[PDB]
Amino acid sequence: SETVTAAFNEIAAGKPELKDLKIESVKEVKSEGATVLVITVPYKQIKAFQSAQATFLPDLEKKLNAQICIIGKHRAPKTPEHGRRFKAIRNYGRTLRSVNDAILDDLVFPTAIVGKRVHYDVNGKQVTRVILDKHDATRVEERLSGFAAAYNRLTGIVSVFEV
RNA sequence: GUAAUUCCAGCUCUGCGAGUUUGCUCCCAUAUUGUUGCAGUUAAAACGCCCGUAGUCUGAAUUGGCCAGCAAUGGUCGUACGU
């Protein structure tokens with residue numbers, strides 16, 4: 001894109017903390033109400049972004065007319081597929097399950113999660129059902145659809161988000 | 001054990017039939033040897049108790065979701081970019 005990359009470098013002027021931060025990539029989504037932007041960060045840089053963060057995110061969200069959900073590059077295969085490098089034994093962090101669950105605790109950062117579950121249907125198909133802490137939002141109440149779109153892009157999963 | 005529906009005989013009747021009883025061994029009947037598949041409060045059957053090695057046994061977790069299904073499969077979401 002370089003909508004967010006141009007937007008970040010101008011607001012990064014004058015700040016010691018945001019001085020060395022970088023963005024790899026971004027994926028826009030269809031959110032019914034507005035759109036949402038999902039901004040990937042090089043892993044070691046997550047807690048550098050995420051230490052303060054809430055200074056600049058209102059300024060970035062207001063300018064682009066969209067919500068911003070910051071995410072780590074969490075990547076993870078047991079069987080070689082080619083075009084990828086795979087550890088034989090592998091590691092828990094490396095595996096997909098850790099990746100998909102680490103992704104949530106980025107996406108909805110500031111509230112954190114009380115409950116999580118699945119609902120398996122009579123047909124067979126499955127619906128994840130995350131529950132946000134009932135204390136942080138307040139704010140979380142406003143952006144629920146945005147996450148359901150955004151999380152369905154990254155992991156492929158039909159979720160909902162509730163109190 | 002002097003009235004024998006079981007003895008000893010006759011008569012009638014029954015079975016199987018060029019076959020038919022009688023011994024011993026052996027399988028089934030028998031979940032009465034139990035992998036399938038027994039039983040152990042009182043019928044036979046839970047060590048007097050604890051440690052404990054050989055032995056048998058050993059919680060969850062690791063590449064999927066979504067659509068066309070009648071399956072084989074084939075697309076999309078994820079790009080994780082080694083030889």
# chains A, B, ... in the order shown; residues from 1 in each chain; ligands from 1
>>> select_by_dssp(residues="chain A", states="strand (DSSP E)", output="PyMOL selection string")
chain A and resi 25-30+35-41+66-72+113-115+118-120+126-128+130-132+161-162
>>> write_last_selection(atoms="N, CA, C and O atoms", output="compact mmCIF listing (two decimals), in the first residue's frame")
# COMPACT_ATOMS: atom_id res chain seq x y z
N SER A 25 3.75 -4.87 6.17
CA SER A 25 2.61 -5.15 5.30
C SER A 25 1.29 -4.78 5.96
O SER A 25 1.24 -4.42 7.14
N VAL A 26 0.21 -4.85 5.18
CA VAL A 26 -1.13 -4.51 5.65
C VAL A 26 -2.20 -5.17 4.77
O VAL A 26 -2.01 -5.32 3.56
N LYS A 27 -3.31 -5.58 5.40
CA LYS A 27 -4.43 -6.21 4.71
C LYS A 27 -5.75 -5.54 5.10
O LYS A 27 -6.21 -5.69 6.23
N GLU A 28 -6.33 -4.80 4.16
CA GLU A 28 -7.65 -4.18 4.35
C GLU A 28 -8.75 -5.23 4.26
O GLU A 28 -8.57 -6.28 3.64
N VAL A 29 -9.89 -4.93 4.89
CA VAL A 29 -11.02 -5.87 4.97
C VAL A 29 -12.37 -5.16 4.77
O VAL A 29 -12.50 -3.97 5.03
N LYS A 30 -13.35 -5.93 4.30
CA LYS A 30 -14.74 -5.48 4.18
C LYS A 30 -15.47 -5.73 5.50
O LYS A 30 -15.67 -6.88 5.89
N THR A 35 -14.10 0.39 6.99
CA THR A 35 -13.13 -0.70 6.84
C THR A 35 -12.14 -0.72 8.00
O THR A 35 -12.10 0.21 8.81
N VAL A 36 -11.37 -1.81 8.08
CA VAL A 36 -10.38 -2.02 9.14
C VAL A 36 -9.04 -2.42 8.51
O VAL A 36 -9.01 -3.09 7.47
N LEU A 37 -7.95 -2.01 9.15
CA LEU A 37 -6.59 -2.24 8.65
C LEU A 37 -5.78 -3.05 9.67
O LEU A 37 -5.82 -2.77 10.87
N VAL A 38 -5.04 -4.04 9.17
CA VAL A 38 -4.40 -5.07 10.00
C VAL A 38 -2.90 -5.11 9.69
O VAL A 38 -2.48 -5.66 8.68
N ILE A 39 -2.10 -4.53 10.59
CA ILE A 39 -0.77 -4.01 10.24
C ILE A 39 0.32 -4.89 10.86
O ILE A 39 0.48 -4.92 12.08
N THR A 40 1.08 -5.58 10.00
CA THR A 40 2.02 -6.62 10.44
C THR A 40 3.39 -6.04 10.80
O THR A 40 3.86 -5.09 10.16
N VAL A 41 4.03 -6.63 11.81
CA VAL A 41 5.19 -6.05 12.50
C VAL A 41 6.24 -7.18 12.71
O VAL A 41 5.85 -8.31 12.99
N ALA A 66 -10.65 4.58 9.73
CA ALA A 66 -10.64 3.13 9.89
C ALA A 66 -10.02 2.72 11.23
O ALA A 66 -9.17 3.44 11.77
N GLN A 67 -10.44 1.57 11.74
CA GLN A 67 -9.81 0.97 12.93
C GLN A 67 -8.47 0.34 12.56
O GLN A 67 -8.26 -0.07 11.41
N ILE A 68 -7.58 0.28 13.54
CA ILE A 68 -6.24 -0.29 13.37
C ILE A 68 -6.00 -1.35 14.44
O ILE A 68 -6.01 -1.04 15.64
N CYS A 69 -5.79 -2.59 14.00
CA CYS A 69 -5.50 -3.72 14.88
C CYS A 69 -4.10 -4.24 14.58
O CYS A 69 -3.87 -4.90 13.56
N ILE A 70 -3.15 -3.93 15.47
CA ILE A 70 -1.74 -4.23 15.24
C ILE A 70 -1.47 -5.70 15.57
O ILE A 70 -2.00 -6.22 16.55
N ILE A 71 -0.65 -6.34 14.75
CA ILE A 71 -0.43 -7.78 14.79
C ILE A 71 1.06 -8.08 14.61
O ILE A 71 1.78 -7.34 13.93
N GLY A 72 1.52 -9.15 15.25
CA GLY A 72 2.84 -9.72 14.98
C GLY A 72 2.84 -10.58 13.73
O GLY A 72 1.85 -11.26 13.43
N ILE A 113 -8.55 -11.62 27.27
CA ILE A 113 -9.65 -12.56 27.01
C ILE A 113 -10.04 -13.28 28.31
O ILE A 113 -9.17 -13.71 29.07
N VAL A 114 -11.35 -13.40 28.55
CA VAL A 114 -11.91 -14.16 29.68
C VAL A 114 -12.14 -15.61 29.27
O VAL A 114 -11.65 -16.53 29.92
N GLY A 115 -12.91 -15.80 28.20
CA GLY A 115 -13.32 -17.12 27.74
C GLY A 115 -13.09 -17.31 26.26
O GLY A 115 -13.03 -16.34 25.50
N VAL A 118 -15.57 -23.25 21.08
CA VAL A 118 -16.08 -23.61 19.76
C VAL A 118 -17.54 -24.05 19.92
O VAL A 118 -17.97 -24.38 21.02
N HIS A 119 -18.29 -24.01 18.82
CA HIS A 119 -19.62 -24.61 18.73
C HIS A 119 -19.70 -25.48 17.48
O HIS A 119 -19.78 -24.97 16.37
N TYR A 120 -19.69 -26.80 17.68
CA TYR A 120 -19.82 -27.76 16.58
C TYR A 120 -21.29 -28.03 16.29
O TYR A 120 -22.06 -28.32 17.22
N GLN A 126 -18.02 -25.57 12.22
CA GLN A 126 -17.60 -25.12 13.55
C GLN A 126 -17.50 -23.60 13.63
O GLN A 126 -17.04 -22.95 12.69
N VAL A 127 -17.93 -23.04 14.77
CA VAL A 127 -18.01 -21.59 14.99
C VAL A 127 -17.31 -21.25 16.30
O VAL A 127 -17.81 -21.57 17.38
N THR A 128 -16.15 -20.60 16.21
CA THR A 128 -15.44 -20.06 17.37
C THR A 128 -16.23 -18.91 17.99
O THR A 128 -16.94 -18.19 17.29
N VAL A 130 -15.34 -16.16 20.87
CA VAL A 130 -14.50 -15.50 21.86
C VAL A 130 -15.25 -14.54 22.76
O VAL A 130 -16.21 -13.90 22.33
N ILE A 131 -14.82 -14.44 24.01
CA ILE A 131 -15.46 -13.54 24.95
C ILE A 131 -14.43 -12.57 25.51
O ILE A 131 -13.45 -12.98 26.11
N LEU A 132 -14.67 -11.28 25.31
CA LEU A 132 -13.78 -10.24 25.82
C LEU A 132 -14.07 -9.96 27.28
O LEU A 132 -15.18 -10.17 27.75
N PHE A 161 -17.41 -12.07 18.52
CA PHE A 161 -16.82 -11.48 19.71
C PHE A 161 -17.93 -10.88 20.55
O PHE A 161 -18.72 -10.07 20.06
N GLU A 162 -18.00 -11.27 21.82
CA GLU A 162 -19.03 -10.78 22.72
C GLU A 162 -18.46 -10.39 24.08
O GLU A 162 -17.35 -10.79 24.42
>>> select_by_dssp(residues="region 1-116 of chain A", states="alpha helix (DSSP H)", output="VMD selection string")
chain A and resid 4 to 11 46 to 50 57 to 64 96 to 107
>>> interface_residues(of="chain A", to="chain B", cutoff="6 Å", atoms="only C-alpha atoms (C1' of nucleotides)", output="PyMOL selection string")
chain A and resi 75-76+85+156-157
>>> write_last_selection(atoms="C-alpha atoms", output="PDB file, in the first residue's frame")
ATOM      1  CA  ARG A  75       4.548 -17.769  11.173  1.00  0.00           C
ATOM      2  CA  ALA A  76       4.780 -21.544  11.557  1.00  0.00           C
ATOM      3  CA  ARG A  85      12.021 -24.616   5.504  1.00  0.00           C
ATOM      4  CA  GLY A 156      -9.780 -18.508   7.949  1.00  0.00           C
ATOM      5  CA  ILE A 157     -12.107 -18.973  10.928  1.00  0.00           C
TER       6      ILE A 157
END
>>> atom_distance(atom1="CA of residue 111 (chain A)", atom2="CA of residue 150 (chain A)")
17.2 Å
>>> residues_around(residues="region 45-60 of chain A", least_positions_apart="3", cutoff="12 Å", atoms="only C-alpha atoms (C1' of nucleotides)", output="PyMOL selection string")
chain A and resi 3-13+15-24+36-37+39-42+63-74+102-103+105-110
>>> closest_residue(among="A:123, A:159, A:32, A:92", to="residue 104 (chain A)", atoms="only C-alpha atoms")
A:159
>>> atom_distance(atom1="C1' of residue 5 (chain B)", atom2="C1' of residue 21 (chain B)")
24.7 Å
>>> atom_distance(atom1="CA of residue 134 (chain A)", atom2="CA of residue 149 (chain A)")
21.4 Å
>>> decode(residues="region 8-82 of chain B", atoms="C-alpha atoms (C1' of nucleotides)", output="PDB file, in the first residue's frame")
ATOM      1  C1'   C B   8     -38.636-113.667  34.065  1.00  0.00           C
ATOM      2  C1'   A B   9     -42.018-115.070  29.714  1.00  0.00           C
ATOM      3  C1'   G B  10     -46.105-114.508  26.061  1.00  0.00           C
ATOM      4  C1'   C B  11     -49.151-110.839  23.201  1.00  0.00           C
ATOM      5  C1'   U B  12     -49.568-105.919  21.329  1.00  0.00           C
ATOM      6  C1'   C B  13     -46.803-101.355  20.459  1.00  0.00           C
ATOM      7  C1'   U B  14     -42.333 -98.150  19.488  1.00  0.00           C
ATOM      8  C1'   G B  15     -37.626 -96.648  17.386  1.00  0.00           C
ATOM      9  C1'   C B  16     -33.818 -97.033  13.642  1.00  0.00           C
ATOM     10  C1'   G B  17     -33.231-100.160   9.511  1.00  0.00           C
ATOM     11  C1'   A B  18     -28.825-104.092   6.493  1.00  0.00           C
ATOM     12  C1'   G B  19     -27.881-102.267   9.941  1.00  0.00           C
ATOM     13  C1'   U B  20     -27.858-102.015  15.595  1.00  0.00           C
ATOM     14  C1'   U B  21     -26.393-102.195  20.762  1.00  0.00           C
ATOM     15  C1'   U B  22     -22.009-102.864  24.370  1.00  0.00           C
ATOM     16  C1'   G B  23     -16.611-101.348  26.417  1.00  0.00           C
ATOM     17  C1'   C B  24     -12.301 -97.623  26.804  1.00  0.00           C
ATOM     18  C1'   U B  25      -9.985 -92.878  24.676  1.00  0.00           C
ATOM     19  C1'   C B  26     -11.812 -88.204  22.865  1.00  0.00           C
ATOM     20  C1'   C B  27     -14.373 -83.572  21.247  1.00  0.00           C
ATOM     21  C1'   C B  28     -19.129 -81.066  21.709  1.00  0.00           C
ATOM     22  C1'   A B  29     -23.200 -80.290  25.522  1.00  0.00           C
ATOM     23  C1'   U B  30     -19.620 -76.563  28.947  1.00  0.00           C
ATOM     24  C1'   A B  31     -19.189 -68.903  29.208  1.00  0.00           C
ATOM     25  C1'   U B  32     -17.531 -76.240  33.984  1.00  0.00           C
ATOM     26  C1'   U B  33     -10.730 -73.190  31.443  1.00  0.00           C
ATOM     27  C1'   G B  34     -13.367 -67.967  29.901  1.00  0.00           C
ATOM     28  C1'   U B  35      -8.738 -63.543  23.889  1.00  0.00           C
ATOM     29  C1'   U B  36     -14.031 -63.295  22.275  1.00  0.00           C
ATOM     30  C1'   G B  37     -16.359 -65.193  27.338  1.00  0.00           C
ATOM     31  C1'   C B  38     -17.173 -67.384  33.573  1.00  0.00           C
ATOM     32  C1'   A B  39     -16.974 -66.546  38.926  1.00  0.00           C
ATOM     33  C1'   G B  40     -14.674 -64.522  44.060  1.00  0.00           C
ATOM     34  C1'   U B  41     -20.013 -60.119  50.751  1.00  0.00           C
ATOM     35  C1'   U B  42     -22.765 -65.027  52.625  1.00  0.00           C
ATOM     36  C1'   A B  43     -22.638 -70.802  47.857  1.00  0.00           C
ATOM     37  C1'   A B  44     -15.375 -72.786  46.306  1.00  0.00           C
ATOM     38  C1'   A B  45     -12.695 -68.306  45.719  1.00  0.00           C
ATOM     39  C1'   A B  46      -9.454 -60.652  47.539  1.00  0.00           C
ATOM     40  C1'   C B  47      -2.592 -62.057  50.078  1.00  0.00           C
ATOM     41  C1'   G B  48      -3.281 -59.318  57.629  1.00  0.00           C
ATOM     42  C1'   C B  49      -0.987 -54.504  56.220  1.00  0.00           C
ATOM     43  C1'   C B  50       2.662 -51.159  53.791  1.00  0.00           C
ATOM     44  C1'   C B  51       7.093 -50.459  50.628  1.00  0.00           C
ATOM     45  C1'   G B  52       8.825 -52.412  46.168  1.00  0.00           C
ATOM     46  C1'   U B  53      12.034 -54.537  41.345  1.00  0.00           C
ATOM     47  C1'   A B  54      11.087 -57.741  36.950  1.00  0.00           C
ATOM     48  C1'   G B  55       6.467 -57.472  34.475  1.00  0.00           C
ATOM     49  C1'   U B  56       1.825 -55.041  32.171  1.00  0.00           C
ATOM     50  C1'   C B  57      -0.200 -49.983  31.912  1.00  0.00           C
ATOM     51  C1'   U B  58       0.948 -44.727  31.044  1.00  0.00           C
ATOM     52  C1'   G B  59      -3.666 -37.028  31.044  1.00  0.00           C
ATOM     53  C1'   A B  60      -3.812 -32.859  27.307  1.00  0.00           C
ATOM     54  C1'   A B  61      -0.850 -30.718  23.151  1.00  0.00           C
ATOM     55  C1'   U B  62       1.828 -30.390  17.108  1.00  0.00           C
ATOM     56  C1'   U B  63      -1.373 -27.935   9.234  1.00  0.00           C
ATOM     57  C1'   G B  64      -5.943 -26.359   9.470  1.00  0.00           C
ATOM     58  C1'   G B  65     -10.718 -23.366   8.176  1.00  0.00           C
ATOM     59  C1'   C B  66     -14.219 -22.139   4.122  1.00  0.00           C
ATOM     60  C1'   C B  67     -17.103 -23.351  -0.680  1.00  0.00           C
ATOM     61  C1'   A B  68     -18.949 -26.947  -4.592  1.00  0.00           C
ATOM     62  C1'   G B  69     -20.371 -33.277  -2.110  1.00  0.00           C
ATOM     63  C1'   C B  70     -22.199 -38.411  -3.660  1.00  0.00           C
ATOM     64  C1'   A B  71     -17.376 -39.563  -2.956  1.00  0.00           C
ATOM     65  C1'   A B  72     -12.367 -39.591  -5.222  1.00  0.00           C
ATOM     66  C1'   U B  73     -10.795 -34.787  -5.473  1.00  0.00           C
ATOM     67  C1'   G B  74     -10.565 -29.510  -7.147  1.00  0.00           C
ATOM     68  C1'   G B  75     -10.637 -24.443  -5.939  1.00  0.00           C
ATOM     69  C1'   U B  76     -10.187 -20.075  -2.337  1.00  0.00           C
ATOM     70  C1'   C B  77      -8.275 -17.953   2.987  1.00  0.00           C
ATOM     71  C1'   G B  78      -3.023 -18.211   5.197  1.00  0.00           C
ATOM     72  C1'   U B  79       3.065 -16.933   1.833  1.00  0.00           C
ATOM     73  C1'   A B  80       5.360 -19.023   6.393  1.00  0.00           C
ATOM     74  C1'   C B  81      10.405 -17.061   0.275  1.00  0.00           C
ATOM     75  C1'   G B  82      15.515 -23.636   2.939  1.00  0.00           C
TER      76        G B  82
END
